[PDB]
>>> print(open('start12.csv').read())   # CSV, C-alpha atoms and all ligand atoms
chain,number,residue,atom,x,y,z
A,1,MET,CA,219.3,308.9,101.8
A,2,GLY,CA,218.4,308.1,105.4
A,3,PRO,CA,215.1,306.4,104.4
A,4,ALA,CA,217.0,304.4,101.7
A,5,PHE,CA,219.6,303.3,104.4
A,6,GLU,CA,216.7,302.3,106.7
A,7,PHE,CA,215.0,300.4,104.0
A,8,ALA,CA,218.4,298.8,103.0
A,9,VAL,CA,219.3,297.7,106.6
A,10,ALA,CA,215.9,296.1,107.1
A,11,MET,CA,216.0,294.4,103.6
A,12,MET,CA,219.4,293.1,104.2
A,13,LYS,CA,218.6,291.8,107.6
A,14,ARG,CA,215.5,290.1,106.3
A,15,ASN,CA,216.5,288.6,102.9
A,16,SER,CA,220.2,288.6,102.4
A,17,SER,CA,223.0,286.1,103.3
A,18,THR,CA,226.7,285.5,102.6
A,19,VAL,CA,227.3,282.8,100.0
A,20,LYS,CA,230.6,281.0,99.2
A,21,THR,CA,231.1,279.2,95.8
A,22,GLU,CA,234.2,277.9,94.2
A,23,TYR,CA,234.4,281.3,92.5
A,24,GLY,CA,234.4,283.4,95.7
A,25,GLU,CA,232.3,284.9,98.4
A,26,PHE,CA,229.1,286.8,97.5
A,27,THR,CA,226.2,288.6,98.9
A,28,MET,CA,222.9,286.7,98.1
A,29,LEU,CA,219.4,288.0,98.0
A,30,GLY,CA,216.5,285.6,98.8
A,31,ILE,CA,213.5,286.6,96.6
A,32,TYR,CA,210.5,284.4,97.4
A,33,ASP,CA,210.3,280.8,98.4
A,34,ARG,CA,213.7,279.1,98.1
A,35,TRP,CA,214.7,281.0,95.0
A,36,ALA,CA,217.5,283.4,95.4
A,37,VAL,CA,219.8,285.3,92.9
A,38,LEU,CA,223.6,285.6,92.5
A,39,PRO,CA,225.7,287.6,89.9
A,40,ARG,CA,226.3,285.1,87.0
A,41,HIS,CA,230.0,285.0,87.6
A,42,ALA,CA,229.4,283.4,91.0
A,43,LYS,CA,229.0,280.4,88.6
A,44,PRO,CA,227.4,278.4,91.5
A,45,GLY,CA,228.2,274.7,91.4
A,46,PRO,CA,225.9,271.8,92.5
A,47,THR,CA,226.4,272.9,96.2
A,48,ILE,CA,226.9,276.2,98.0
A,49,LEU,CA,227.9,277.6,101.4
A,50,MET,CA,225.2,279.8,102.8
A,51,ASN,CA,226.1,281.5,106.0
A,52,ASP,CA,228.8,278.8,106.5
A,53,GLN,CA,226.4,275.9,105.8
A,54,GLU,CA,226.4,273.4,102.9
A,55,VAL,CA,223.2,274.0,100.9
A,56,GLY,CA,222.1,272.0,97.8
A,57,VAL,CA,221.3,273.9,94.6
A,58,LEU,CA,218.3,272.3,92.9
A,59,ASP,CA,218.2,274.4,89.8
A,60,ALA,CA,220.2,277.3,88.2
A,61,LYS,CA,219.0,279.7,85.6
A,62,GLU,CA,221.5,282.0,83.9
A,63,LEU,CA,219.3,284.7,82.5
A,64,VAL,CA,219.4,286.0,79.0
A,65,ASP,CA,217.3,288.5,77.0
A,66,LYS,CA,215.2,287.1,74.2
A,67,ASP,CA,218.1,287.7,71.8
A,68,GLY,CA,220.4,285.6,74.0
A,69,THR,CA,222.3,288.7,75.3
A,70,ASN,CA,223.8,288.2,78.7
A,71,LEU,CA,221.9,289.9,81.6
A,72,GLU,CA,224.4,288.5,84.1
A,73,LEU,CA,222.2,286.8,86.7
A,74,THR,CA,221.8,283.3,88.0
A,75,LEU,CA,218.7,282.2,89.8
A,76,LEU,CA,219.1,279.3,92.1
A,77,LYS,CA,216.5,277.1,93.8
A,78,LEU,CA,217.8,276.1,97.2
A,79,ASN,CA,217.6,272.7,98.8
A,80,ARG,CA,216.4,273.9,102.3
A,81,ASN,CA,213.0,274.0,103.9
A,82,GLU,CA,212.8,277.6,105.3
A,83,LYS,CA,211.2,280.1,102.8
A,84,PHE,CA,212.5,283.5,101.9
A,85,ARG,CA,210.2,286.4,102.6
A,86,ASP,CA,208.5,287.3,99.2
A,87,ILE,CA,210.0,290.6,98.1
A,88,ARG,CA,208.8,290.5,94.4
A,89,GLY,CA,206.6,293.6,95.0
A,90,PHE,CA,209.8,295.4,95.8
A,91,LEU,CA,211.1,294.4,92.2
A,92,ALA,CA,210.1,296.6,89.2
A,93,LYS,CA,208.8,295.6,85.8
A,94,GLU,CA,211.6,297.7,84.3
A,95,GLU,CA,215.0,299.3,84.9
A,96,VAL,CA,214.5,301.7,87.8
A,97,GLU,CA,216.3,305.0,87.7
A,98,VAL,CA,217.1,307.1,90.8
A,99,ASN,CA,218.9,310.1,92.4
A,100,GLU,CA,219.7,308.6,95.9
A,101,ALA,CA,220.6,304.9,96.0
A,102,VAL,CA,222.3,302.6,98.5
A,103,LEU,CA,224.4,299.5,97.7
A,104,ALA,CA,224.3,296.9,100.5
A,105,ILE,CA,227.1,294.3,100.8
A,106,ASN,CA,227.2,291.4,103.3
A,107,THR,CA,230.2,289.1,103.2
A,108,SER,CA,233.3,288.2,105.4
A,109,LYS,CA,235.2,291.0,103.7
A,110,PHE,CA,232.4,293.7,103.8
A,111,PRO,CA,230.1,292.5,106.6
A,112,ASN,CA,226.9,294.5,106.7
A,113,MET,CA,228.3,297.6,104.9
A,114,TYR,CA,226.3,300.2,102.9
A,115,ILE,CA,227.5,302.7,100.3
A,116,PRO,CA,225.7,305.8,99.2
A,117,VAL,CA,226.4,305.4,95.5
A,118,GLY,CA,224.1,308.4,94.6
A,119,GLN,CA,222.8,308.5,91.0
A,120,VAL,CA,221.6,305.3,89.2
A,121,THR,CA,220.8,305.7,85.6
A,122,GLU,CA,219.7,302.9,83.2
A,123,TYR,CA,222.8,302.2,81.3
A,124,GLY,CA,221.6,299.2,79.3
A,125,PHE,CA,224.3,298.0,77.0
A,126,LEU,CA,227.8,297.3,78.4
A,127,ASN,CA,230.7,295.2,77.3
A,128,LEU,CA,231.0,293.4,80.6
A,129,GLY,CA,234.7,292.2,80.5
A,130,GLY,CA,234.4,291.0,76.8
A,131,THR,CA,230.7,290.1,77.3
A,132,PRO,CA,228.0,292.3,75.8
A,133,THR,CA,225.4,292.6,78.5
A,134,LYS,CA,222.2,294.4,78.7
A,135,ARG,CA,219.8,295.9,81.2
A,136,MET,CA,222.7,297.5,83.3
A,137,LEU,CA,222.3,300.3,85.9
A,138,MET,CA,225.2,302.6,86.5
A,139,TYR,CA,226.2,304.7,89.4
A,140,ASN,CA,229.4,306.7,90.1
A,141,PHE,CA,231.2,304.9,92.7
A,142,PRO,CA,234.9,303.7,93.1
A,143,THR,CA,233.7,300.1,93.5
A,144,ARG,CA,236.0,297.3,94.7
A,145,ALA,CA,236.2,293.5,94.2
A,146,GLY,CA,234.4,291.5,97.0
A,147,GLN,CA,231.3,293.6,96.3
A,148,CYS,CA,229.5,291.5,93.7
A,149,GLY,CA,226.1,290.3,94.6
A,150,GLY,CA,225.8,293.6,96.5
A,151,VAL,CA,222.1,294.6,96.6
A,152,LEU,CA,221.2,298.0,95.0
A,153,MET,CA,218.3,299.8,96.7
A,154,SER,CA,216.4,303.1,97.3
A,155,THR,CA,213.4,303.7,99.6
A,156,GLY,CA,210.9,301.1,98.8
A,157,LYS,CA,212.9,299.6,95.9
A,158,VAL,CA,215.2,296.8,95.1
A,159,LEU,CA,216.8,298.0,91.8
A,160,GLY,CA,219.4,295.3,91.1
A,161,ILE,CA,222.3,293.1,92.0
A,162,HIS,CA,225.9,294.5,91.7
A,163,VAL,CA,227.8,292.8,88.9
A,164,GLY,CA,230.6,294.9,87.5
A,165,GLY,CA,232.9,297.8,88.0
A,166,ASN,CA,235.9,299.9,86.9
A,167,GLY,CA,237.5,302.5,89.1
A,168,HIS,CA,234.7,305.1,89.7
A,169,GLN,CA,231.8,303.2,88.0
A,170,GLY,CA,229.8,300.3,89.2
A,171,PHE,CA,227.1,298.3,87.4
A,172,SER,CA,224.1,296.3,88.6
A,173,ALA,CA,222.0,293.9,86.7
A,174,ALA,CA,218.4,295.2,87.0
A,175,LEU,CA,216.3,292.9,89.1
A,176,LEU,CA,212.9,292.7,87.4
A,177,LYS,CA,209.6,291.3,88.5
A,178,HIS,CA,209.1,288.8,85.7
A,179,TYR,CA,212.3,286.9,86.2
A,180,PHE,CA,210.2,285.5,89.0
A,181,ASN,CA,207.2,283.3,88.5
B,1,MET,CA,219.3,305.0,111.7
B,2,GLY,CA,218.4,307.0,108.6
B,3,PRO,CA,219.1,310.4,110.2
B,4,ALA,CA,222.4,309.0,111.6
B,5,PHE,CA,223.4,307.8,108.0
B,6,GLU,CA,222.4,311.2,106.7
B,7,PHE,CA,224.4,313.0,109.3
B,8,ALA,CA,227.3,310.5,108.7
B,9,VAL,CA,227.4,311.0,104.9
B,10,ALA,CA,227.5,314.8,105.3
B,11,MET,CA,230.1,314.7,108.1
B,12,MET,CA,232.3,312.4,106.1
B,13,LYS,CA,231.9,314.4,102.9
B,14,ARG,CA,232.8,317.6,104.8
B,15,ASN,CA,235.6,316.6,107.3
B,16,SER,CA,237.1,313.3,106.4
B,17,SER,CA,240.0,312.1,104.2
B,18,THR,CA,242.1,309.0,103.5
B,19,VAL,CA,245.5,309.1,105.0
B,20,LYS,CA,248.5,306.9,104.3
B,21,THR,CA,251.4,306.5,106.9
B,22,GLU,CA,254.2,304.0,107.0
B,23,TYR,CA,251.8,302.0,109.2
B,24,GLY,CA,248.9,301.7,106.7
B,25,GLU,CA,246.0,303.5,105.3
B,26,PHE,CA,243.5,305.3,107.6
B,27,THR,CA,240.4,307.3,107.7
B,28,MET,CA,241.2,310.8,109.1
B,29,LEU,CA,238.8,313.3,110.7
B,30,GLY,CA,239.6,317.0,110.4
B,31,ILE,CA,238.4,318.7,113.6
B,32,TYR,CA,238.9,322.5,113.4
B,33,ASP,CA,241.7,324.5,111.8
B,34,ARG,CA,244.5,322.2,110.6
B,35,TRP,CA,244.2,319.8,113.5
B,36,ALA,CA,243.0,316.4,112.7
B,37,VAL,CA,243.0,313.1,114.6
B,38,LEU,CA,244.2,309.5,113.8
B,39,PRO,CA,244.1,306.3,115.8
B,40,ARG,CA,247.4,306.2,117.8
B,41,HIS,CA,248.7,303.2,116.0
B,42,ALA,CA,248.7,305.1,112.8
B,43,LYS,CA,252.0,306.2,114.4
B,44,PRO,CA,252.2,309.1,111.9
B,45,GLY,CA,255.7,310.0,110.9
B,46,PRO,CA,257.0,313.5,110.0
B,47,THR,CA,255.1,313.4,106.7
B,48,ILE,CA,251.7,311.9,105.6
B,49,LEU,CA,249.7,311.2,102.5
B,50,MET,CA,246.4,312.9,102.6
B,51,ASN,CA,244.1,312.0,99.6
B,52,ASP,CA,247.3,311.0,97.7
B,53,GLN,CA,249.2,314.2,98.5
B,54,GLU,CA,252.4,314.6,100.7
B,55,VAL,CA,251.4,316.8,103.7
B,56,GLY,CA,253.7,317.9,106.5
B,57,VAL,CA,252.9,317.1,110.1
B,58,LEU,CA,253.8,320.1,112.3
B,59,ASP,CA,253.0,318.5,115.7
B,60,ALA,CA,251.7,315.2,117.0
B,61,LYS,CA,250.1,314.6,120.4
B,62,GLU,CA,249.5,311.1,121.5
B,63,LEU,CA,246.9,311.5,124.2
B,64,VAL,CA,246.9,310.0,127.7
B,65,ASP,CA,244.6,310.4,130.7
B,66,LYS,CA,246.1,312.2,133.7
B,67,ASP,CA,247.3,308.9,135.1
B,68,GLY,CA,249.3,308.3,131.8
B,69,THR,CA,246.9,305.6,130.7
B,70,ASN,CA,246.6,305.2,126.9
B,71,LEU,CA,243.6,306.8,125.2
B,72,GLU,CA,244.8,305.7,121.8
B,73,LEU,CA,244.6,308.9,119.8
B,74,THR,CA,247.1,311.1,118.0
B,75,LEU,CA,246.4,314.7,117.2
B,76,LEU,CA,248.3,316.1,114.3
B,77,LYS,CA,248.6,319.7,113.1
B,78,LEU,CA,248.9,319.7,109.4
B,79,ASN,CA,251.3,321.8,107.2
B,80,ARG,CA,248.6,323.0,104.7
B,81,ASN,CA,246.7,326.3,104.3
B,82,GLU,CA,243.0,325.1,103.9
B,83,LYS,CA,241.2,325.0,107.3
B,84,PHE,CA,238.9,322.2,108.5
B,85,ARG,CA,235.3,323.1,109.2
B,86,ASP,CA,235.1,323.3,113.0
B,87,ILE,CA,233.2,320.3,114.3
B,88,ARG,CA,234.0,320.7,118.0
B,89,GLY,CA,230.4,321.4,118.9
B,90,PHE,CA,229.7,317.9,117.5
B,91,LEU,CA,232.2,316.4,120.1
B,92,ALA,CA,231.0,315.7,123.7
B,93,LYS,CA,232.5,316.5,127.1
B,94,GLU,CA,232.1,312.9,128.0
B,95,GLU,CA,231.7,309.4,126.6
B,96,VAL,CA,228.5,309.4,124.6
B,97,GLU,CA,226.3,306.3,124.8
B,98,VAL,CA,223.7,305.4,122.1
B,99,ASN,CA,221.3,302.8,120.7
B,100,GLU,CA,221.6,303.5,116.9
B,101,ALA,CA,225.2,304.4,115.8
B,102,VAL,CA,226.9,304.4,112.4
B,103,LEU,CA,230.6,303.8,111.7
B,104,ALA,CA,231.9,305.6,108.7
B,105,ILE,CA,235.1,304.4,106.8
B,106,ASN,CA,236.8,306.1,103.9
B,107,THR,CA,239.9,304.5,102.5
B,108,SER,CA,241.0,302.7,99.2
B,109,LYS,CA,239.9,299.4,100.8
B,110,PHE,CA,236.5,300.8,102.2
B,111,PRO,CA,235.8,303.8,100.1
B,112,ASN,CA,232.8,305.8,101.6
B,113,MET,CA,231.3,302.8,103.4
B,114,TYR,CA,228.9,303.0,106.5
B,115,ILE,CA,228.1,300.3,109.0
B,116,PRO,CA,225.1,300.3,111.3
B,117,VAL,CA,226.9,299.0,114.4
B,118,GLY,CA,223.9,299.6,116.6
B,119,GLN,CA,224.5,299.8,120.4
B,120,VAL,CA,227.4,301.8,121.7
B,121,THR,CA,228.1,301.6,125.4
B,122,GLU,CA,230.8,303.3,127.3
B,123,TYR,CA,233.3,300.5,127.9
B,124,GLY,CA,236.1,302.4,129.5
B,125,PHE,CA,238.9,300.1,130.4
B,126,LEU,CA,240.3,297.6,127.8
B,127,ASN,CA,243.5,295.8,127.4
B,128,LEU,CA,244.1,297.1,123.9
B,129,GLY,CA,246.4,294.4,122.5
B,130,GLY,CA,248.6,294.3,125.7
B,131,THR,CA,248.0,298.1,126.3
B,132,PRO,CA,245.6,299.1,129.1
B,133,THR,CA,243.5,301.8,127.5
B,134,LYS,CA,240.7,303.9,128.8
B,135,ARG,CA,237.6,305.8,127.6
B,136,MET,CA,236.6,303.1,125.1
B,137,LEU,CA,233.2,302.8,123.5
B,138,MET,CA,232.0,299.4,122.4
B,139,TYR,CA,229.6,298.2,119.8
B,140,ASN,CA,228.7,294.7,118.6
B,141,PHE,CA,230.1,294.4,115.2
B,142,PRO,CA,232.3,291.8,113.3
B,143,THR,CA,234.8,294.6,112.6
B,144,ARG,CA,237.8,294.0,110.1
B,145,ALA,CA,241.3,295.4,109.7
B,146,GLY,CA,241.4,298.4,107.3
B,147,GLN,CA,238.7,300.1,109.4
B,148,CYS,CA,240.8,302.0,112.0
B,149,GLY,CA,240.3,305.7,112.1
B,150,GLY,CA,236.7,305.0,111.1
B,151,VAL,CA,234.4,307.7,112.4
B,152,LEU,CA,231.7,306.7,114.9
B,153,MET,CA,228.5,308.8,114.8
B,154,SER,CA,224.8,309.2,115.6
B,155,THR,CA,222.4,312.0,114.5
B,156,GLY,CA,224.0,315.1,115.6
B,157,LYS,CA,227.0,313.4,117.3
B,158,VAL,CA,230.6,312.4,116.6
B,159,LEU,CA,231.2,309.8,119.4
B,160,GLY,CA,234.7,308.6,118.6
B,161,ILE,CA,237.5,307.2,116.3
B,162,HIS,CA,237.5,303.4,115.7
B,163,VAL,CA,240.7,301.9,117.2
B,164,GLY,CA,240.3,298.3,118.0
B,165,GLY,CA,238.4,295.1,117.5
B,166,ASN,CA,238.1,291.3,117.9
B,167,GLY,CA,235.6,289.2,115.9
B,168,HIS,CA,232.1,290.7,116.8
B,169,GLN,CA,233.3,293.6,118.9
B,170,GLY,CA,234.8,296.9,117.8
B,171,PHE,CA,236.1,299.7,120.0
B,172,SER,CA,236.4,303.5,119.5
B,173,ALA,CA,238.4,306.0,121.4
B,174,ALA,CA,235.9,308.6,122.6
B,175,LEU,CA,236.4,311.9,120.9
B,176,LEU,CA,236.0,314.6,123.6
B,177,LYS,CA,235.7,318.3,123.3
B,178,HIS,CA,238.5,319.3,125.6
B,179,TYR,CA,241.2,317.5,123.6
B,180,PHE,CA,240.7,320.5,121.4
B,181,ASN,CA,241.7,324.0,122.5
C,1,LIG,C1,232.5,292.0,91.0
C,1,LIG,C2,232.8,290.5,91.4
C,1,LIG,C3,233.6,290.5,92.7
C,1,LIG,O1,233.6,291.5,93.4
C,1,LIG,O2,234.3,289.3,93.2
C,1,LIG,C4,233.9,288.5,94.3
C,1,LIG,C5,232.6,289.1,95.1
C,1,LIG,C6,233.6,292.5,90.1
C,1,LIG,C7,233.4,293.9,89.7
C,1,LIG,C8,234.4,294.7,90.7
C,1,LIG,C9,235.7,295.1,90.1
C,1,LIG,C10,235.8,296.6,90.1
C,1,LIG,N1,234.5,296.9,90.6
C,1,LIG,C11,233.8,296.0,91.0
C,1,LIG,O3,232.7,296.1,91.6
C,1,LIG,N2,233.4,291.7,88.8
C,1,LIG,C12,234.1,290.6,88.5
C,1,LIG,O4,235.0,290.2,89.2
C,1,LIG,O5,233.8,289.9,87.2
C,1,LIG,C13,233.5,290.6,86.0
C,1,LIG,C14,232.5,289.7,85.2
C,1,LIG,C15,234.8,290.6,85.2
C,1,LIG,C16,232.9,292.0,86.2
C,2,LIG,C1,242.3,298.7,113.5
C,2,LIG,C2,243.6,299.1,112.7
C,2,LIG,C3,243.4,298.7,111.3
C,2,LIG,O1,242.3,298.4,110.9
C,2,LIG,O2,244.6,298.8,110.4
C,2,LIG,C4,244.7,299.7,109.3
C,2,LIG,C5,243.6,300.7,109.2
C,2,LIG,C6,242.6,297.3,114.1
C,2,LIG,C7,241.4,296.7,114.8
C,2,LIG,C8,240.8,295.7,113.8
C,2,LIG,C9,241.1,294.3,114.0
C,2,LIG,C10,239.8,293.5,114.3
C,2,LIG,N1,238.9,294.6,114.3
C,2,LIG,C11,239.3,295.8,114.0
C,2,LIG,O3,238.6,296.8,113.8
C,2,LIG,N2,243.6,297.5,115.2
C,2,LIG,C12,244.9,297.3,115.0
C,2,LIG,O4,245.4,296.8,114.0
C,2,LIG,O5,245.9,297.6,116.1
C,2,LIG,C13,245.6,297.3,117.5
C,2,LIG,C14,246.2,298.4,118.4
C,2,LIG,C15,246.3,295.9,117.8
C,2,LIG,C16,244.1,297.2,117.8
>>> encode(input="start12.csv", output="structure tokens", more="lines below")
Ligand SMILES: *[C@@H](CC(=O)OCC)[C@H](C[C@H]1CCNC1=O)NC(=O)OC(C)(C)C
Ligand SMILES: *[C@@H](CC(=O)OCC)[C@H](C[C@H]1CCNC1=O)NC(=O)OC(C)(C)C
Amino acid sequence: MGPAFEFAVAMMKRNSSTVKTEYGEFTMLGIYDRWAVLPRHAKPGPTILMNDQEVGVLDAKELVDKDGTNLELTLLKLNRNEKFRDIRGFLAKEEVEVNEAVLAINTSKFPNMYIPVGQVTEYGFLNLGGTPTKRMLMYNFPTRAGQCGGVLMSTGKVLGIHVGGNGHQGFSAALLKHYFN
Amino acid sequence: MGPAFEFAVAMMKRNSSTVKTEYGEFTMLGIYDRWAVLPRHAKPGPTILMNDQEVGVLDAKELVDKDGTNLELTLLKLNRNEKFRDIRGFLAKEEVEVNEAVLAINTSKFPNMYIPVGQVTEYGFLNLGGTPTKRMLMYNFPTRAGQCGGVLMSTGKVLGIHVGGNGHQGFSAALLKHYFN
């Protein structure tokens, strides 16, 4: 997992930030340009705090599969001038599976923390607190609140954004290339 | 840091447990035999919870330097029959310094989480919340409550037990070979 931790730390350091909305505090991954992603339930309003600074949200796309099913991700274009390193070549065309994965969190509650969640298996369909959601990854880990938005990774790969959990299972929304231009 | 994460995960998995006292919930490192260590302020009573199970505390040694100065560590002999893998060869004779270190936490609040704290420099003397304490290591990291007992590590080395913090600095009590037989 060392290589995965090493890739995780460098990714987080480069593309991640702590975001506060009216719905809580989240890890946020900058993707390319001024587009970043949050778990849908961050329900970002018209303005956000990004590393303690009021940032304007130009546009917000709450993603759904072609059948309308919830995928649980919001894309936000950010009213700022600095551009996010482009990490789209780190995102796959389809649900990545893996045996050693790392979940990276970066808030006031979990500042730069990393969790070896181990095995990540495409889970696909899940009733995400009453909401049928697709394209889920699952790992066995006693996840906790405060962790949403967490970035799921292995060496070389950004698998997904952490969205859900119960007890000893967490779930990430798979972060796929085509959601981005 | 990968090698350090890898050593950290394996150490934690082998020698660590979550401990509850009347003073809170702590990470605990089993050293050899049935002796483990906690930060002093865990002030363990006559019985402890160890991974949710009532365990009897045979003996408790709150360590001090020869001049009585606080070192901030309690050693506890545990009323159980299973023996802790002996990790004393992982503990140094003196305050280890390093450039890439990892702090491993393992409670209900931070279950199996790892933090790359980076540079660890012998700090020695610190006024640890009104208590002059010696043999401290320091790292720059925005540490948070719930983290005490955390195990501080690099590849091949167990440096210390996390005891203190303010804002962007945490402090570990150096975990030295001779505290143990
Ligand atoms: C992640 C959201 C969160 O952590 O709140 C602020 C960052 C929640 C899932 C955690 C609960 C148990 N395991 C977890 O990782 N999800 C959440 O609060 O919302 C729904 C949509 C109900 C999952
Ligand atoms: C560590 C103890 C703790 O986390 O409580 C339950 C596990 C506290 C130090 C944290 C505060 C800011 N940074 C930290 O890591 N220390 C503590 O509570 O006690 C004294 C002795 C005052 C440090």
>>> closest_residue(input="start12.csv", among="B:32, B:90, B:139, B:110", to="chain A", atoms="only C-alpha atoms")
B:110
>>> residues_near_ligand(input="start12.csv", ligand="ligand LIG 1 (chain C)", cutoff="6 Å", atoms="only C-alpha atoms and all ligand atoms", output="list in words")
residues 24, 25, 26, 41, 129, 143, 144, 145, 146, 147, 148, 163, 164, 165, 166 and 170 of chain A
>>> closest_atom_pairs(input="start12.csv", of="chain A", to="chain B", cutoff="10 Å", atoms="all atoms listed in the file", output="Markdown table")
| residue | atom | partner | partner_atom | distance |
| --- | --- | --- | --- | --- |
| A:1 | CA | B:6 | CA | 6.2 |
| A:2 | CA | B:2 | CA | 3.4 |
| A:3 | CA | B:2 | CA | 5.4 |
| A:4 | CA | B:2 | CA | 7.5 |
| A:5 | CA | B:2 | CA | 5.7 |
| A:6 | CA | B:2 | CA | 5.3 |
| A:7 | CA | B:2 | CA | 8.7 |
| A:8 | CA | B:2 | CA | 9.9 |
| A:9 | CA | B:116 | CA | 7.9 |
| A:103 | CA | B:113 | CA | 9.5 |
| A:104 | CA | B:113 | CA | 9.6 |
| A:105 | CA | B:113 | CA | 9.8 |
| A:108 | CA | B:144 | CA | 8.7 |
| A:109 | CA | B:144 | CA | 7.5 |
| A:110 | CA | B:144 | CA | 8.3 |
| A:111 | CA | B:142 | CA | 7.1 |
| A:112 | CA | B:115 | CA | 6.4 |
| A:113 | CA | B:115 | CA | 4.9 |
| A:114 | CA | B:114 | CA | 5.2 |
| A:115 | CA | B:113 | CA | 4.9 |
| A:116 | CA | B:112 | CA | 7.5 |
| A:117 | CA | B:112 | CA | 8.9 |
| A:141 | CA | B:111 | CA | 8.8 |
| A:142 | CA | B:111 | CA | 7.1 |
| A:143 | CA | B:111 | CA | 7.9 |
| A:144 | CA | B:109 | CA | 7.5 |
| A:145 | CA | B:109 | CA | 9.6 |
>>> closest_residue(input="start12.csv", among="A:156, A:167, A:149, A:132", to="residue 67 of chain A", atoms="all atoms listed in the file")
A:132
>>> closest_residue(input="start12.csv", among="B:172, B:181, B:47, B:119", to="ligand LIG 2 (chain C)", atoms="only C-alpha atoms and all ligand atoms")
B:172
>>> atom_distance(input="start12.csv", atom1="atom CA of residue 34 of chain B", atom2="atom CA of residue 151 of chain B")
17.8 Å
>>> residues_around(input="start12.csv", residues="residue 19 of chain A", least_positions_apart="2", cutoff="8 Å", atoms="only C-alpha atoms", output="ChimeraX atom specification")
/A:17,21,25-28,48-52,107
>>> closest_residue(input="start12.csv", among="B:72, B:89, B:180, B:13", to="residue 36 of chain B", atoms="only C-alpha atoms")
B:180
>>> atom_distance(input="start12.csv", atom1="atom CA of residue 14 of chain A", atom2="atom CA of residue 33 of chain A")
13.3 Å
>>> closest_residue(input="start12.csv", among="B:91, B:55, B:176, B:38", to="ligand LIG 2 (chain C)", atoms="only C-alpha atoms and all ligand atoms")
B:38
>>> atom_distance(input="start12.csv", atom1="atom CA of residue 124 of chain A", atom2="atom CA of residue 88 of chain A")
21.6 Å
>>> closest_residue(input="start12.csv", among="A:11, A:162, A:154, A:20", to="residue 100 of chain A", atoms="all atoms listed in the file")
A:154
